[PDB]
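Coordinates as given in protein_11.cif (mmCIF, N, CA and C atoms and all ligand atoms):
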data_protein
#
loop_
_atom_site.label_atom_id
_atom_site.label_comp_id
_atom_site.auth_asym_id
_atom_site.auth_seq_id
_atom_site.Cartn_x
_atom_site.Cartn_y
_atom_site.Cartn_z
N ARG H 120 304.11 151.25 -32.35
CA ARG H 120 303.54 152.61 -32.21
C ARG H 120 302.80 152.73 -30.88
N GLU H 121 302.31 151.60 -30.38
CA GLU H 121 301.57 151.59 -29.13
C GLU H 121 302.47 152.05 -27.99
N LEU H 122 303.73 151.65 -28.03
CA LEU H 122 304.68 152.03 -26.99
C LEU H 122 305.31 153.38 -27.32
N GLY H 123 305.20 154.32 -26.39
CA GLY H 123 305.76 155.65 -26.60
C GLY H 123 305.40 156.57 -25.43
N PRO H 124 304.13 156.85 -25.26
CA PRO H 124 303.66 157.74 -24.16
C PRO H 124 304.20 157.30 -22.79
N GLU H 125 304.23 155.99 -22.57
CA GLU H 125 304.71 155.46 -21.30
C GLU H 125 306.21 155.70 -21.14
N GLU H 126 306.96 155.34 -22.17
CA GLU H 126 308.41 155.51 -22.14
C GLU H 126 308.77 156.99 -22.19
N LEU H 127 308.14 157.71 -23.10
CA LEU H 127 308.44 159.12 -23.27
C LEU H 127 308.22 159.85 -21.95
N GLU H 128 307.03 159.68 -21.40
CA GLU H 128 306.70 160.32 -20.14
C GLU H 128 307.64 159.84 -19.04
N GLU H 129 308.01 158.57 -19.10
CA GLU H 129 308.91 158.00 -18.10
C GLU H 129 310.25 158.72 -18.14
N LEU H 130 310.76 158.94 -19.34
CA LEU H 130 312.04 159.62 -19.49
C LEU H 130 311.96 161.04 -18.95
N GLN H 131 310.84 161.69 -19.20
CA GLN H 131 310.65 163.06 -18.73
C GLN H 131 310.69 163.10 -17.21
N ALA H 132 310.05 162.13 -16.57
CA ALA H 132 310.02 162.07 -15.12
C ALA H 132 311.44 161.98 -14.57
N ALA H 133 312.30 161.26 -15.29
CA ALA H 133 313.68 161.11 -14.87
C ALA H 133 314.41 162.45 -14.94
N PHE H 134 314.20 163.17 -16.03
CA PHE H 134 314.85 164.46 -16.22
C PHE H 134 314.51 165.39 -15.05
N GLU H 135 313.26 165.33 -14.61
CA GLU H 135 312.81 166.16 -13.50
C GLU H 135 313.63 165.87 -12.25
N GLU H 136 313.90 164.59 -12.01
CA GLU H 136 314.68 164.18 -10.85
C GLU H 136 316.14 164.57 -11.03
N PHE H 137 316.64 164.42 -12.25
CA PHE H 137 318.02 164.77 -12.55
C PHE H 137 318.21 166.28 -12.53
N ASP H 138 317.21 167.00 -13.03
CA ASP H 138 317.28 168.46 -13.07
C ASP H 138 316.64 169.05 -11.83
N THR H 139 317.42 169.13 -10.75
CA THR H 139 316.92 169.68 -9.50
C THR H 139 316.59 171.16 -9.64
N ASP H 140 317.43 171.86 -10.39
CA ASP H 140 317.23 173.29 -10.62
C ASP H 140 316.24 173.52 -11.76
N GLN H 141 315.77 172.44 -12.35
CA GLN H 141 314.81 172.53 -13.45
C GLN H 141 315.24 173.62 -14.44
N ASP H 142 316.53 173.66 -14.73
CA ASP H 142 317.06 174.66 -15.66
C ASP H 142 316.82 174.22 -17.10
N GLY H 143 316.27 173.02 -17.27
CA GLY H 143 316.00 172.49 -18.60
C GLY H 143 317.28 171.99 -19.25
N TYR H 144 318.37 171.99 -18.49
CA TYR H 144 319.66 171.54 -19.01
C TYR H 144 320.42 170.77 -17.94
N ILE H 145 321.09 169.70 -18.35
CA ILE H 145 321.87 168.87 -17.42
C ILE H 145 323.30 168.70 -17.94
N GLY H 146 324.17 168.20 -17.07
CA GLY H 146 325.56 167.99 -17.44
C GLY H 146 325.68 166.97 -18.57
N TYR H 147 326.63 166.05 -18.44
CA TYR H 147 326.84 165.01 -19.45
C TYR H 147 326.99 163.65 -18.79
N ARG H 148 327.59 163.63 -17.62
CA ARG H 148 327.78 162.37 -16.89
C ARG H 148 326.46 161.86 -16.33
N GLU H 149 325.62 162.79 -15.89
CA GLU H 149 324.33 162.43 -15.32
C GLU H 149 323.50 161.62 -16.31
N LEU H 150 323.85 161.73 -17.59
CA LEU H 150 323.12 161.01 -18.63
C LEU H 150 323.25 159.50 -18.42
N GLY H 151 324.46 159.06 -18.06
CA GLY H 151 324.69 157.64 -17.84
C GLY H 151 323.82 157.12 -16.70
N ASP H 152 323.78 157.88 -15.61
CA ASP H 152 322.98 157.49 -14.45
C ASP H 152 321.50 157.45 -14.81
N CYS H 153 321.18 157.98 -15.99
CA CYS H 153 319.79 157.99 -16.46
C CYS H 153 319.45 156.69 -17.17
N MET H 154 320.40 156.16 -17.93
CA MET H 154 320.19 154.92 -18.66
C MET H 154 319.95 153.77 -17.68
N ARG H 155 320.66 153.79 -16.56
CA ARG H 155 320.52 152.74 -15.56
C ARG H 155 319.09 152.71 -15.02
N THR H 156 318.50 153.89 -14.87
CA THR H 156 317.14 153.99 -14.35
C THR H 156 316.16 153.25 -15.25
N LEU H 157 316.68 152.72 -16.33
CA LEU H 157 315.84 151.99 -17.29
C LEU H 157 315.80 150.51 -16.97
N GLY H 158 316.45 150.15 -15.89
CA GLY H 158 316.49 148.76 -15.44
C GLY H 158 317.74 148.06 -15.96
N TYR H 159 318.29 148.58 -17.06
CA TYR H 159 319.49 147.99 -17.67
C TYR H 159 320.69 148.90 -17.43
N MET H 160 321.79 148.31 -16.97
CA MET H 160 322.99 149.08 -16.70
C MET H 160 323.84 149.21 -17.97
N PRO H 161 324.50 150.33 -18.15
CA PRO H 161 325.37 150.57 -19.34
C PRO H 161 326.67 149.76 -19.28
N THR H 162 327.29 149.58 -20.44
CA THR H 162 328.53 148.83 -20.51
C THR H 162 329.68 149.65 -19.93
N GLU H 163 330.36 150.40 -20.80
CA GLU H 163 331.49 151.22 -20.36
C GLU H 163 332.01 152.07 -21.52
N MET H 164 332.15 151.45 -22.69
CA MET H 164 332.64 152.15 -23.87
C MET H 164 331.54 153.04 -24.46
N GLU H 165 330.29 152.60 -24.30
CA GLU H 165 329.16 153.35 -24.83
C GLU H 165 329.07 154.72 -24.16
N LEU H 166 329.24 154.74 -22.85
CA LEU H 166 329.19 156.00 -22.11
C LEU H 166 330.50 156.76 -22.26
N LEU H 167 331.56 156.05 -22.61
CA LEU H 167 332.85 156.70 -22.77
C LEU H 167 332.82 157.72 -23.90
N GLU H 168 332.28 157.31 -25.04
CA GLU H 168 332.20 158.20 -26.19
C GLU H 168 331.38 159.44 -25.85
N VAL H 169 330.36 159.25 -25.02
CA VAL H 169 329.50 160.36 -24.62
C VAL H 169 330.30 161.42 -23.87
N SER H 170 331.18 160.97 -22.98
CA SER H 170 332.00 161.89 -22.20
C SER H 170 332.82 162.78 -23.12
N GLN H 171 333.22 162.23 -24.27
CA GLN H 171 334.01 162.99 -25.23
C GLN H 171 333.12 163.91 -26.05
N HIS H 172 331.82 163.60 -26.08
CA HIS H 172 330.87 164.40 -26.84
C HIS H 172 330.89 165.86 -26.37
N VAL H 173 331.51 166.08 -25.21
CA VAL H 173 331.60 167.43 -24.66
C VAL H 173 332.54 168.28 -25.50
N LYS H 174 333.41 167.62 -26.27
CA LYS H 174 334.37 168.32 -27.11
C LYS H 174 335.32 169.16 -26.26
N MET H 175 334.96 169.37 -25.00
CA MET H 175 335.77 170.17 -24.09
C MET H 175 335.73 169.59 -22.68
N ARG H 176 336.78 169.84 -21.91
CA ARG H 176 336.85 169.34 -20.55
C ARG H 176 335.76 169.97 -19.68
N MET H 177 335.50 171.26 -19.92
CA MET H 177 334.48 171.97 -19.16
C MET H 177 333.20 171.15 -19.08
N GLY H 178 332.22 171.67 -18.35
CA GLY H 178 330.94 170.98 -18.20
C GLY H 178 330.00 171.34 -19.34
N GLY H 179 329.68 170.35 -20.16
CA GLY H 179 328.77 170.58 -21.30
C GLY H 179 327.32 170.68 -20.83
N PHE H 180 326.41 171.04 -21.75
CA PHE H 180 325.00 171.16 -21.41
C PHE H 180 324.15 170.34 -22.37
N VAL H 181 323.13 169.67 -21.83
CA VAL H 181 322.25 168.84 -22.64
C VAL H 181 320.80 169.02 -22.21
N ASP H 182 319.94 169.30 -23.18
CA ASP H 182 318.52 169.49 -22.90
C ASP H 182 317.79 168.15 -22.99
N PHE H 183 316.50 168.16 -22.67
CA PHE H 183 315.70 166.95 -22.73
C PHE H 183 315.63 166.42 -24.15
N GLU H 184 315.51 167.34 -25.11
CA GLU H 184 315.43 166.95 -26.51
C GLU H 184 316.82 166.62 -27.05
N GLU H 185 317.86 166.95 -26.28
CA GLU H 185 319.22 166.67 -26.70
C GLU H 185 319.68 165.35 -26.10
N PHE H 186 319.19 165.06 -24.90
CA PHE H 186 319.54 163.82 -24.22
C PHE H 186 318.81 162.64 -24.86
N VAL H 187 317.53 162.84 -25.16
CA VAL H 187 316.73 161.78 -25.76
C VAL H 187 317.29 161.41 -27.14
N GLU H 188 317.63 162.42 -27.92
CA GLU H 188 318.16 162.18 -29.25
C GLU H 188 319.43 161.34 -29.17
N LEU H 189 320.05 161.32 -27.99
CA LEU H 189 321.27 160.55 -27.79
C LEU H 189 320.96 159.13 -27.35
N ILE H 190 320.07 159.01 -26.38
CA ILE H 190 319.70 157.70 -25.86
C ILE H 190 318.96 156.89 -26.92
N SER H 191 318.21 157.60 -27.76
CA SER H 191 317.44 156.95 -28.81
C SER H 191 316.59 155.82 -28.23
CA CA F 201 319.53 170.98 -14.06
#
Output the structure of this file as structure tokens.
Ligand SMILES: [Ca+2]
Amino acid sequence: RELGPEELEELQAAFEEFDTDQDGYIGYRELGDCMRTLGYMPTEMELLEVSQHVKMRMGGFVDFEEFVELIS
């Protein structure tokens, strides 16, 4: 329980950098580049399923509360 504010706030700081337009929404691929910022690089299949999460080829949208719920 002690760990949270640091990580939570840390994740938010990343979103700010990822969201240049601060539209509160980001693509789907940028999510992978976010996990790396955690010091640990992603595998390949884990991010693969995410790309399909778009359900469509078009560019999907993900909010801060939608991205976090995914990264868990
Ligand atoms: Ca954005």
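Using only C-alpha atoms and all ligand atoms as the basis for the distance check, residues found within 10 Å of ligand CA 201 (chain F) are residues 134, 135, 136, 137, 138, 139, 140, 141, 142, 143, 144, 145, 146, 149, 180, 181 and 182 of chain H.
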Margin query: Would you compute the distance between atom C of residue 158 in chain H and atom C of residue 174 in chain H? Give it in Å to one decimal.
Written below: 29.3 Å
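Across H:173, H:156, H:162, H:150, the tightest approach to residue 186 in chain H is made by H:150 when counting all atoms listed in the file.
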Note to self: So the first atom is atom N of residue 171 in chain H and the second is CA of residue 131 in chain H; what is the distance between them in Å, to one decimal place?
What the structure shows: 23.3 Å
